[PDB]
Amino acid sequence: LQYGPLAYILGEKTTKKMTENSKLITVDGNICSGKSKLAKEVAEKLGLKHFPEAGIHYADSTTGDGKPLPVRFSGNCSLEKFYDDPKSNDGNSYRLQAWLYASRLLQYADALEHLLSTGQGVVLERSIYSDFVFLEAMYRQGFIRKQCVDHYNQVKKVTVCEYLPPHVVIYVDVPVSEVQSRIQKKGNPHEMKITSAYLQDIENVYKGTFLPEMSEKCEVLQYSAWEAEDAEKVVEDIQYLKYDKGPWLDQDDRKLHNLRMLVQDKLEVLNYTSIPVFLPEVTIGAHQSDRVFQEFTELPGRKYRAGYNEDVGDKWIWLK
Amino acid sequence: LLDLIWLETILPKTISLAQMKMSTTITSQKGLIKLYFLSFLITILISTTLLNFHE
Amino acid sequence: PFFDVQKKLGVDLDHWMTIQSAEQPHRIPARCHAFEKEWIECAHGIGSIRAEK
Amino acid sequence: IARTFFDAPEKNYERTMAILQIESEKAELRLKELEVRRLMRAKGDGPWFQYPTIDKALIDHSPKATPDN
Amino acid sequence: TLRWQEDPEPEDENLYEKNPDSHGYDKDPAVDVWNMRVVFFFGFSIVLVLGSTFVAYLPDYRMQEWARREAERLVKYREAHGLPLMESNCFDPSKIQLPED
Amino acid sequence: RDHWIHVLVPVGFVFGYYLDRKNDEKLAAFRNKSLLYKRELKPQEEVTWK
Amino acid sequence: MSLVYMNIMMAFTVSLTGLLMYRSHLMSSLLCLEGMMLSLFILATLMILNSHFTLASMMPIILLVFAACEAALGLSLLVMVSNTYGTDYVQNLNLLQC
Amino acid sequence: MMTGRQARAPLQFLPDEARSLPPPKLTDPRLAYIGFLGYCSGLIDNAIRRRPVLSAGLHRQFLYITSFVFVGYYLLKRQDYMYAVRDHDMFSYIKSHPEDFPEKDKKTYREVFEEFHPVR
Amino acid sequence: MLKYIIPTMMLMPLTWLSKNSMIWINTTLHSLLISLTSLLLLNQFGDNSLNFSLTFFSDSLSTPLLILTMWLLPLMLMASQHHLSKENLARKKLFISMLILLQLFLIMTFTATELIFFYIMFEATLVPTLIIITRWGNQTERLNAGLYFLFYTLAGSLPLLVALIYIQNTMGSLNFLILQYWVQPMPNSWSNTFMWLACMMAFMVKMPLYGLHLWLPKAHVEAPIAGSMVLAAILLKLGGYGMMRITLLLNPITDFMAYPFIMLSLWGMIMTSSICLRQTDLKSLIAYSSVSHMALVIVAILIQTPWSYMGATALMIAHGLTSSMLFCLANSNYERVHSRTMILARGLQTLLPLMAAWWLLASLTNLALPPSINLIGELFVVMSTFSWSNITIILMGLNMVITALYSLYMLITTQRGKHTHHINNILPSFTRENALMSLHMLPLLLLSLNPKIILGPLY
Amino acid sequence: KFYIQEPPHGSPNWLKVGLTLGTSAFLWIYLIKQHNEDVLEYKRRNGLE
Amino acid sequence: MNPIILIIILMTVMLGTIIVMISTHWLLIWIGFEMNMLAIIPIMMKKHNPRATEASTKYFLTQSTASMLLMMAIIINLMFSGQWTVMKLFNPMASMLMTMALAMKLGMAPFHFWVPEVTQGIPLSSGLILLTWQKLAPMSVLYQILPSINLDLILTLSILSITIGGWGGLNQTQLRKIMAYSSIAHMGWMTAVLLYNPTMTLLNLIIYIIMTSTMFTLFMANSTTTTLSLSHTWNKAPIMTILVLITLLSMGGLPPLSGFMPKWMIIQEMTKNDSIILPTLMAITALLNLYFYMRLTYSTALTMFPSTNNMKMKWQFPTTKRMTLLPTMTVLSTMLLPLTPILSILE
Ligand SMILES: CCCCCCCCCCCCCCCCCC(=O)OC[C@H](COP(=O)([O-])OCC[N+](C)(C)C)OC(=O)CCCCCCCCCCCCCCCCC
Ligand SMILES: CCCCCCCCCCCCCCCCCC(=O)OC[C@H](COP(=O)([O-])OCC[N+](C)(C)C)OC(=O)CCCCCCCCCCCCCCCCC
Ligand SMILES: CCCCCCCCCCCCCCCCCC(=O)OC[C@H](COP(=O)(O)OCCN)OC(=O)CCCCCCCCCCCCCCCCC
Ligand SMILES: Nc1ncnc2c1ncn2[C@@H]1O[C@H](COP(=O)(O)O)[C@@H](O)[C@H]1O
């Protein structure tokens, strides 16, 4: 393709284009912690590209024309349906969780590809290292079953071991009552159905399992609600960090070349997300999958490859 | 009696069950190197003396 | 398959150590040089099937 | 119908005769080839089944160190 | 509990509901009519009528007529000169050699 | 032609007939040589059959 | 043939039946491999020195070189094993049975 | 088999005796079939990469069928040479050993005896 | 035979370059044109067979089977375009290509002058049939039906090839024109015994023979309509054609060798007719009737008399047409009631009069009402097997009664009596279905006028 | 412009197209020349002119 | 692994096999075998997981034992002949030892135990490289010593390998074990006809290499390791299901596909030498290989197995893998029957 082993042999090394400013930052927090704009501030002070939080339609925006696909073609889940009745009989909760985790894996792969190809740092929000915490809340409230937890653990174990943790993680500490007040001031009617126990369990699994295990392989920066409103302190603290922990230290050009080889192949990245384990939440039948796939094929710009679609205005097809 | 059981028993089911039993017997090894090399030694012993393959 | 590269390119690689009647160092003869020479000259070009008998 | 589509009986007759001659020749050549292969493997005096032996161009003929050779 | 998320089984489709003049070939009336015309023309007006006419007028199949007519000659030979109608030997006994016994 | 898909089978049949006629000439080692149909050549005729 | 040929062939067969029946230890099998290599070397040089085939004296020593081309390799196939498990037993190498 | 025949002059695709044989025509049916194999390969190459199989990459299909025709023509030349060698060696051995291949009489059916087995 | 292979191969660019919904029309039209041009194979002589080239030749035996195959393809396309209306366009084109490829292999099988080429096409017919059965069937058991259909046939055909190769090392050639003049008598020995078994058991399996017939009730009732047609009307005649070609080399050892298979078929016809008397499925009833008729053809070929050969080929053609019509009737009833039970839909004469007439006519031709060609073939086989022995007529005659005991029964339970009360989706008969049954029956009724074209190569 | 990102095969690779066309033309003319010299030398050897 | 080191190691493997193929000295044969084993060991250690370590250890032990037996037979032939020409041997014991060593190197039964475990413990690239390239040098050495092998020993080894591979292929769900048992059965098929006419052996070797490469490359393209993902492939790309269906139908010895090319002509070489029981038994046993091929086709293409929800995202990303020579290899493995006399170039 564009980057191959012949390119690495011919002289295109990886550490030559990686400066000190090339840092991967994952800004974290609660549901309404206000990080969603705060990370954007860190985008416009350190000169780092900003990636919004990977929703259901991240892959729809990444490929094709960029417009979001209909929900029957991508996701097959609804966040509002989870917010209304989280104990739904069709298993919407774990399906939404699995789709969100796979989209976060795709976003992390894209961010790592951009960082290893351009040398410019990427700012993420709630990466794959801090998604299982949400899952834990879904297990503590009884929203899903133990088999969903087992399947998620299997997928995470077979997927996350081939990647690298971010350089800096920033956690915005907002209490549950302030989170509920911000949710009530948001005005979204589906978000008002969130119980206090769900947010409390999210905070508990953030402070008890994510941060104690995460601070060894990277550097944490825990911030209060008032401190996250001023990005000058955040950028000044980021710019004066002594990076000594994490597996980023013992990386040669060969390891980064192998990582770039694995990352740039998107189907190789998403190979282990759809493991053939039959669970009622994620298993789709033969006829439904056939109908959805045939309806997806006849969409504009999706029948052929990304440059061989005559119905959108691609020319010189017979000479390609 | 005949065309639903016995004719269905003598020809196809006998060889089907025999192939199933032989397939289970062949592939039930424990994956140990020592047993495999012992089988190699026994094969060499059989070929040298009992079958006279060195003549 | 035996892709005979050596005679095709005329390059000698391992034909000197094949027999004991070849070009030995300082013309040192083997203990059975005459017998091997006679056997090779007898069975040259007549085929193995004819040469066995 | 006979003039337009169908063939003459003489045409079919001589076509069948040519087919029979060709196939009989092929069968006789097949039998001769089988006999030739069997005799060549039995004896070994033909160009086939000529297994390699030691080339006599590798033999040294110069006077060696000892005379008894 | 909902094992195997699956589309529901669709109901049967009646071709006479949306088109009472359907011949049963396609739900599109023009395509159905043209398919019906093609089948009835090349199935009855071409391969049956002309085919049976071709089979009926076969030029002396397996020379079944000819073997009669030649026989009509041959008997008129051997009845005229007093010869027997058919000999017991297919081949001439003078040109065949038997092994000694 | 606006109906070019309808001249594939008839052209194939014509091609097969032509190939049959071509193949019949290569099998003419015994043309006017059979013991049953051998005959002197008529005037203005050079082969018995094509 | 002679007598020392019989003894060297008997030594080769002894080391062969030592190798083919493992005793739950990889180093012992590697020692058996080295012993069979040594027996083959000794038999080859005995025949070569008896038959005065001087130009084949390059054969055994070069042969001896390729001994390490597996033997040291065997040691490199052990340390990862001894990093996978605390010991070097051959009964721990049964993960590939399914 | 013919290994000794390929003993004096080895690793030759087509020796000096292969040039006395008539080369295959460019309209050979086997060559056309190999060109069709190349066309099928081009179709599969367009199909497995989500391209329009009858329009995308006409130069690719042309190079496919051209390389297929090239290799098939040379392989057919070698095959014809080898079959000519087989026939020549067989006829030479038949001519060289007349006592091992003696002629047999052709008895007419008026002399030979065949047993008759009735069907009844 | 190059004038028939080339249009058949060109049918695939026709079905792949066609429009979005014009594949059925174009394929039916051009296959009907091929069927029209198929009548040129009737240039038969009283002594000489029609020889085209060194590879293809057509006697008076292969010609009716070729005409039947090229006639059956448009009927097959007409039959299999109702349950595939919901199918994908690519899958529809794949199905049509499968049918075209199967027909191509069938018309290349019958004209092969070399037994190795005939055997190669005879096994090449397995792959499209197996693919059709295992892919476009309806039930689960089709997967099981994909195994019993396959590993039976190869188990008969893999030894036979070896025997054929032995002939290539013995007689010097396998050309059928050469072997008619270079044939030799087969002495009685164990080697010739097992060579006879190798050369025959493939054709006993593919006919089928009683005892080896177990794959046919399974591969007939899970297969779709096109697969049922191709098994019933053509693929069971490959065994008969192979028997008629291979019996020439196996003389005179066949006189004492054919006894156990003759007894097996003579009891298997009674056993399968009795099974037909108690079958709860229409499709299984038609399958077992096919087994009985092919056992009759096995007896006719094995006794090897001219009347037996004539009755065998007439029975083959007549049974192919009648079984195809019966399977299309069963397919129409299955498409209307969505079940295979015989006792479910009763009294259909009060709802479909024309389909009742077609059912009555098909059941009439099934029990060999004279002067149909069914009666011609069955009668001639009866005459020959009475010449063979004077007791076998009993084993014929009783069988005839049982035939008339199930076919009319297959009529009555499906046509007469009080109609069921809880079934109210009985649509009127479509024009396509009636066209299919008329195209199935009118050649069969017309062949009674001139049967001399289906009376074998020794008429 | 339709796609939100530039496809890697949006524009035809002109050097690859030229190399493919040149290779095909060279192979065709080489095969034609080889066949002509082969049939000419065959006619020379057997004298079948 | 560095790409330079990988290229150097692959070139060393090729150089070792070439050295075995082109040398006229037994010591050079053994040197090439040792170089091939030494340069093929780290290819299986590419991903650095324990299963690679077990597979490498078992392969190294088996290959070392085979090389020791080969060198012992070479030394015995030197003792009894006094030369080094790679030709027929002059001691039946040396012939037996060489046949045993080459059977262990080819993985032929009853030395077949290491083949499925080594094939399962290594990635698909190393597995394809092993099962295709490493089965070229021992077949060449067997080709060279043709007037020396005992007929009974090699025929017993062939029928044992065919029966054991056909029986072992039934009870596997992993694809690599299926390919290993198929390779063992094909090994028996090639060594069954070696003493009669080795041109058929070379034809079978070429055909088997083409079909094995096609199946392994399709496994790369679909990124499948087990039967369930191979079943799941119908949602991503149905053309891959069509290709694996026609390929597995080819490897079952079903005409008119190219897998009927070797086996049929193998029978054509056993009846000329008055052996009729053995080809019949061999075809009856190859029916088992056809059986588990049919099971694989039923799981993969002819039935529509259920899929998961996440595959929807895989509908938005086309394959960008380097499927090298895949359409040409599929066409060669499927539609090569009418060019049957092409094998006359192998004489
Ligand atoms: C063949 C194998 C494949 C089978 C499937 C084939 C599918 C394709 C079919 C193609 C078209 C059909 C081909 C076969 C045609 C057979 C018919 C044919 O041509 O026959 C030739 C025969 C030829 O007769 P012939 O041979 O005696 O005459 C000598 C030949 N000619 C004609 C040249 C002088 O035709 C007839 O017999 C027709 C006679 C006249 C028409 C009928 C008159 C009587 C009708 C009934 C009157 C009432 C009776 C009582 C009724 C009471 C109530 C029921
Ligand atoms: C579908 C199920 C039933 C299938 C039945 C298939 C047929 C049954 C018999 C097949 C026998 C094998 C083929 C024989 C071909 C003989 C050709 C020939 O020239 O014979 C003369 C040759 C004669 O030998 P020769 O020709 O080498 O010697 C020269 C001739 N003499 C003897 C005079 C010196 O016969 C043989 O070589 C032996 C024939 C018998 C072989 C016995 C072993 C096979 C046993 C049957 C296995 C069948 C499959 C079982 C499994 C099925 C799947 C589950
Ligand atoms: C009588 C004696 C005859 C001797 C004939 C000798 C012919 C030449 C040698 C053939 C032997 C096999 C050669 C290739 C061995 C396998 C190479 C291999 O595995 O390459 C790995 C490579 C990986 O590609 P990628 O997908 O990017 O990587 C995934 C991450 N590991 O790539 C792959 O995995 C994809 C596959 C690449 C190679 C495919 C084509 C070559 C092999 C099949 C033969 C094709 C027909 C030509 C030869 C005909 C005769 C055999
Ligand atoms: N894995 C998840 N499961 C459920 N909801 C999630 C998950 N990840 C993010 N969300 C929702 O995403 C929103 C947070 O986005 P933001 O408001 O931009 O911080 C809240 O509504 C969360 O409930």
# chains A, B, ... in the order shown; residues from 1 in each chain; ligands from 1
>>> residues_around(residues="region 46-52 of chain H", least_positions_apart="2", cutoff="7 Å", atoms="only C-alpha atoms", output="PyMOL selection string")
(chain A and resi 304-305+308) or (chain H and resi 42-44+54-56) or (chain K and resi 239)
>>> select_by_dssp(residues="region 116-268 of chain A", states="strand (DSSP E)", output="list in words")
residues 122, 123, 124, 125, 168, 169, 170, 171, 172, 173, 219, 220, 221, 222, 223 and 224 of chain A
>>> write_last_selection(atoms="C-alpha atoms", output="PDB file, in the first residue's frame")
ATOM      1  CA  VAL A 122      -4.001  13.484  19.177  1.00  0.00           C
ATOM      2  CA  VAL A 123      -6.427  14.370  21.976  1.00  0.00           C
ATOM      3  CA  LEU A 124      -9.013  11.664  22.658  1.00  0.00           C
ATOM      4  CA  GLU A 125     -11.985  11.352  25.012  1.00  0.00           C
ATOM      5  CA  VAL A 168      -1.224  11.544  29.599  1.00  0.00           C
ATOM      6  CA  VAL A 169      -4.659  10.836  31.079  1.00  0.00           C
ATOM      7  CA  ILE A 170      -6.701  13.697  32.556  1.00  0.00           C
ATOM      8  CA  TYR A 171      -9.620  12.947  34.883  1.00  0.00           C
ATOM      9  CA  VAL A 172     -12.197  15.629  35.702  1.00  0.00           C
ATOM     10  CA  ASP A 173     -13.643  15.064  39.179  1.00  0.00           C
ATOM     11  CA  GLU A 219       0.751   9.658  34.148  1.00  0.00           C
ATOM     12  CA  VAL A 220      -2.532  10.816  35.683  1.00  0.00           C
ATOM     13  CA  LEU A 221      -3.691  14.422  36.118  1.00  0.00           C
ATOM     14  CA  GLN A 222      -6.751  14.532  38.366  1.00  0.00           C
ATOM     15  CA  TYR A 223      -8.640  17.829  38.242  1.00  0.00           C
ATOM     16  CA  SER A 224     -11.644  19.228  40.071  1.00  0.00           C
TER      17      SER A 224
END
>>> residues_around(residues="region 2-10 of chain F", least_positions_apart="3", cutoff="7 Å", atoms="only C-alpha atoms", output="number ranges by chain")
F: 13-14; I: 7, 10-11, 14, 30
>>> write_last_selection(atoms="N, CA and C atoms", output="PDB file, in the first residue's frame")
ATOM      1  N   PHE F  13     -24.890 -20.888 -32.958  1.00  0.00           N
ATOM      2  CA  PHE F  13     -25.332 -22.025 -33.762  1.00  0.00           C
ATOM      3  C   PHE F  13     -24.723 -21.990 -35.159  1.00  0.00           C
ATOM      4  N   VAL F  14     -24.655 -20.800 -35.765  1.00  0.00           N
ATOM      5  CA  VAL F  14     -24.022 -20.658 -37.074  1.00  0.00           C
ATOM      6  C   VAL F  14     -22.537 -20.993 -36.987  1.00  0.00           C
TER       7      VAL F  14
ATOM      8  N   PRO I   7     -24.085 -23.084 -28.570  1.00  0.00           N
ATOM      9  CA  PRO I   7     -25.207 -22.282 -28.040  1.00  0.00           C
ATOM     10  C   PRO I   7     -25.482 -22.502 -26.560  1.00  0.00           C
ATOM     11  N   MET I  10     -23.008 -20.467 -24.825  1.00  0.00           N
ATOM     12  CA  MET I  10     -23.349 -19.065 -25.030  1.00  0.00           C
ATOM     13  C   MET I  10     -24.585 -18.643 -24.252  1.00  0.00           C
ATOM     14  N   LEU I  11     -25.342 -19.599 -23.708  1.00  0.00           N
ATOM     15  CA  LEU I  11     -26.459 -19.253 -22.832  1.00  0.00           C
ATOM     16  C   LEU I  11     -26.002 -18.526 -21.569  1.00  0.00           C
ATOM     17  N   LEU I  14     -25.666 -14.929 -22.177  1.00  0.00           N
ATOM     18  CA  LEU I  14     -27.032 -14.434 -22.286  1.00  0.00           C
ATOM     19  C   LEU I  14     -27.632 -14.165 -20.913  1.00  0.00           C
ATOM     20  N   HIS I  30     -34.261 -18.645 -25.711  1.00  0.00           N
ATOM     21  CA  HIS I  30     -33.123 -19.209 -26.422  1.00  0.00           C
ATOM     22  C   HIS I  30     -32.962 -20.700 -26.150  1.00  0.00           C
TER      23      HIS I  30
END
>>> residues_around(residues="residue 459 (chain I)", least_positions_apart="2", cutoff="8 Å", atoms="only C-alpha atoms", output="PyMOL selection string")
(chain E and resi 62) or (chain I and resi 46+310+452+455-457)
>>> write_last_selection(atoms="N, CA, C and O atoms", output="short mmCIF file (atom, residue, chain, number, x, y, z; two decimals), in the first residue's frame")
data_model
loop_
_atom_site.label_atom_id
_atom_site.label_comp_id
_atom_site.auth_asym_id
_atom_site.auth_seq_id
_atom_site.Cartn_x
_atom_site.Cartn_y
_atom_site.Cartn_z
N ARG E 62 -34.39 -44.78 -40.62
CA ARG E 62 -33.72 -46.07 -40.44
C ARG E 62 -33.94 -47.01 -41.62
O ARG E 62 -33.99 -48.23 -41.46
N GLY I 46 -30.44 -47.22 -40.95
CA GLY I 46 -30.79 -48.54 -40.47
C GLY I 46 -29.61 -49.40 -40.09
O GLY I 46 -29.77 -50.34 -39.30
N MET I 310 -35.66 -52.43 -26.47
CA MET I 310 -36.67 -51.50 -26.99
C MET I 310 -37.60 -51.03 -25.87
O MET I 310 -37.86 -49.83 -25.72
N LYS I 452 -41.52 -44.95 -33.22
CA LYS I 452 -40.34 -45.57 -33.81
C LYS I 452 -39.07 -44.74 -33.62
O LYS I 452 -37.98 -45.26 -33.88
N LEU I 455 -37.32 -46.17 -30.03
CA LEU I 455 -37.24 -47.62 -29.90
C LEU I 455 -35.81 -48.15 -30.01
O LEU I 455 -35.58 -49.25 -30.52
N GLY I 456 -34.83 -47.37 -29.55
CA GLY I 456 -33.48 -47.87 -29.40
C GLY I 456 -32.69 -47.93 -30.69
O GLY I 456 -33.20 -47.63 -31.78
N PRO I 457 -31.43 -48.35 -30.60
CA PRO I 457 -30.55 -48.38 -31.77
C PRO I 457 -30.61 -49.66 -32.58
O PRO I 457 -29.72 -49.88 -33.42
#
>>> residues_around(residues="residue 46 (chain J)", least_positions_apart="5", cutoff="9 Å", atoms="only C-alpha atoms", output="PyMOL selection string")
(chain H and resi 20-21) or (chain J and resi 41)
>>> write_last_selection(atoms="N, CA, C and O atoms", output="PDB file, in the first residue's frame")
ATOM      1  N   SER H  20      13.084 -28.383 -35.484  1.00  0.00           N
ATOM      2  CA  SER H  20      12.706 -29.047 -36.723  1.00  0.00           C
ATOM      3  C   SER H  20      11.231 -29.419 -36.765  1.00  0.00           C
ATOM      4  O   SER H  20      10.752 -29.868 -37.811  1.00  0.00           O
ATOM      5  N   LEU H  21      10.520 -29.256 -35.679  1.00  0.00           N
ATOM      6  CA  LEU H  21       9.097 -29.514 -35.549  1.00  0.00           C
ATOM      7  C   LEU H  21       8.296 -28.273 -35.930  1.00  0.00           C
ATOM      8  O   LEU H  21       8.769 -27.146 -35.753  1.00  0.00           O
TER       9      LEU H  21
ATOM     10  N   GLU J  41      12.256 -21.090 -39.693  1.00  0.00           N
ATOM     11  CA  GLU J  41      13.359 -22.029 -39.523  1.00  0.00           C
ATOM     12  C   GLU J  41      12.871 -23.466 -39.668  1.00  0.00           C
ATOM     13  O   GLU J  41      13.614 -24.323 -40.162  1.00  0.00           O
TER      14      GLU J  41
END
>>> residues_near_ligand(ligand="ligand 3", cutoff="6 Å", atoms="only C-alpha atoms and all ligand atoms", output="CSV table (one decimal) with C-alpha atoms, in the first residue's frame")
chain,number,residue,atom,x,y,z
C,1,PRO,CA,13.7,-32.9,-9.8
K,125,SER,CA,2.3,-17.7,6.8
K,128,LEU,CA,2.0,-22.3,4.3
K,129,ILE,CA,5.7,-21.9,3.9
K,132,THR,CA,4.4,-26.2,0.6
K,133,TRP,CA,8.1,-25.3,0.3
K,202,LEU,CA,5.9,-34.4,-10.0
K,206,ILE,CA,2.7,-29.3,-8.5
K,209,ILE,CA,1.2,-27.1,-4.0
K,210,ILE,CA,-1.2,-25.0,-6.1
K,213,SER,CA,-1.4,-22.3,-1.6
K,217,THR,CA,-4.1,-17.6,0.7
K,321,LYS,CA,-4.4,-7.2,2.0
K,322,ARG,CA,-1.7,-8.2,-0.5
K,324,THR,CA,-0.6,-12.2,-4.2
K,325,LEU,CA,-1.5,-14.2,-7.3
K,329,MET,CA,-3.8,-19.6,-8.5
>>> select_by_dssp(residues="chain G", states="alpha helix (DSSP H)", output="ChimeraX atom specification")
/G:4-20,26-51,58-84
>>> residues_near_ligand(ligand="ligand 2", cutoff="8 Å", atoms="only C-alpha atoms and all ligand atoms", output="ChimeraX atom specification")
/B:11-12,15 /I:151-160,162-164,166-167,190-202,205,212 /K:271,273-278,280-281,284,287
>>> residues_near_ligand(ligand="ligand 4", cutoff="7 Å", atoms="only C-alpha atoms and all ligand atoms", output="list in words")
residues 30, 31, 32, 33, 34, 35, 36, 53, 79, 96, 97, 100, 101, 131, 134, 135 and 191 of chain A
>>> write_last_selection(atoms="N, CA, C and O atoms", output="mmCIF file, in the first residue's frame")
data_model
loop_
_atom_site.group_PDB
_atom_site.id
_atom_site.type_symbol
_atom_site.label_atom_id
_atom_site.label_comp_id
_atom_site.auth_asym_id
_atom_site.auth_seq_id
_atom_site.Cartn_x
_atom_site.Cartn_y
_atom_site.Cartn_z
ATOM 1 N N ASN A 30 -16.816 12.249 34.037
ATOM 2 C CA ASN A 30 -18.149 11.685 34.180
ATOM 3 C C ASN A 30 -18.983 12.017 32.943
ATOM 4 O O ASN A 30 -18.454 12.409 31.899
ATOM 5 N N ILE A 31 -20.304 11.835 33.046
ATOM 6 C CA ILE A 31 -21.190 12.048 31.903
ATOM 7 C C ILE A 31 -21.219 13.521 31.502
ATOM 8 O O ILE A 31 -21.068 13.860 30.322
ATOM 9 N N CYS A 32 -21.384 14.416 32.473
ATOM 10 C CA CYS A 32 -21.439 15.841 32.173
ATOM 11 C C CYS A 32 -20.322 16.585 32.888
ATOM 12 O O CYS A 32 -20.552 17.642 33.481
ATOM 13 N N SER A 33 -19.108 16.039 32.829
ATOM 14 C CA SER A 33 -17.969 16.640 33.510
ATOM 15 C C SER A 33 -17.466 17.908 32.835
ATOM 16 O O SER A 33 -16.623 18.600 33.414
ATOM 17 N N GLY A 34 -17.950 18.230 31.638
ATOM 18 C CA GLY A 34 -17.475 19.400 30.932
ATOM 19 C C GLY A 34 -16.145 19.223 30.242
ATOM 20 O O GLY A 34 -15.530 20.222 29.850
ATOM 21 N N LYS A 35 -15.683 17.989 30.080
ATOM 22 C CA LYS A 35 -14.412 17.713 29.429
ATOM 23 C C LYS A 35 -14.512 17.878 27.918
ATOM 24 O O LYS A 35 -13.512 18.143 27.249
ATOM 25 N N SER A 36 -15.733 17.737 27.403
ATOM 26 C CA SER A 36 -16.013 17.701 25.967
ATOM 27 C C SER A 36 -15.569 18.960 25.233
ATOM 28 O O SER A 36 -15.241 18.914 24.048
ATOM 29 N N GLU A 53 -15.596 12.307 20.980
ATOM 30 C CA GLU A 53 -15.877 11.007 21.575
ATOM 31 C C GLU A 53 -16.616 10.115 20.587
ATOM 32 O O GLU A 53 -17.594 10.534 19.964
ATOM 33 N N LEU A 79 -29.145 4.961 21.963
ATOM 34 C CA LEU A 79 -28.801 5.423 23.303
ATOM 35 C C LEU A 79 -30.041 5.871 24.066
ATOM 36 O O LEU A 79 -30.137 5.669 25.282
ATOM 37 N N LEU A 96 -25.366 -1.994 22.498
ATOM 38 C CA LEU A 96 -24.870 -0.624 22.443
ATOM 39 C C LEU A 96 -23.470 -0.521 23.034
ATOM 40 O O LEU A 96 -22.609 0.178 22.487
ATOM 41 N N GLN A 97 -23.224 -1.225 24.144
ATOM 42 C CA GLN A 97 -21.902 -1.200 24.765
ATOM 43 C C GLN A 97 -20.836 -1.794 23.851
ATOM 44 O O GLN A 97 -19.738 -1.238 23.721
ATOM 45 N N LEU A 100 -20.192 0.585 20.912
ATOM 46 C CA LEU A 100 -19.420 1.737 21.364
ATOM 47 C C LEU A 100 -17.962 1.371 21.612
ATOM 48 O O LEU A 100 -17.062 2.146 21.271
ATOM 49 N N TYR A 101 -17.707 0.195 22.197
ATOM 50 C CA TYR A 101 -16.328 -0.227 22.429
ATOM 51 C C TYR A 101 -15.590 -0.470 21.119
ATOM 52 O O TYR A 101 -14.414 -0.109 20.988
ATOM 53 N N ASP A 131 -13.325 2.292 29.038
ATOM 54 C CA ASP A 131 -14.688 2.006 28.614
ATOM 55 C C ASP A 131 -15.347 0.932 29.460
ATOM 56 O O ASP A 131 -16.553 1.023 29.731
ATOM 57 N N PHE A 134 -17.760 1.823 32.321
ATOM 58 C CA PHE A 134 -19.176 1.952 31.994
ATOM 59 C C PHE A 134 -19.862 0.599 32.046
ATOM 60 O O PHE A 134 -20.927 0.462 32.664
ATOM 61 N N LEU A 135 -19.209 -0.425 31.477
ATOM 62 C CA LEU A 135 -19.707 -1.794 31.529
ATOM 63 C C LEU A 135 -19.953 -2.239 32.961
ATOM 64 O O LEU A 135 -20.982 -2.862 33.258
ATOM 65 N N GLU A 191 -32.038 12.028 28.861
ATOM 66 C CA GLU A 191 -30.972 11.993 29.852
ATOM 67 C C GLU A 191 -31.468 12.216 31.274
ATOM 68 O O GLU A 191 -30.714 11.958 32.217
#
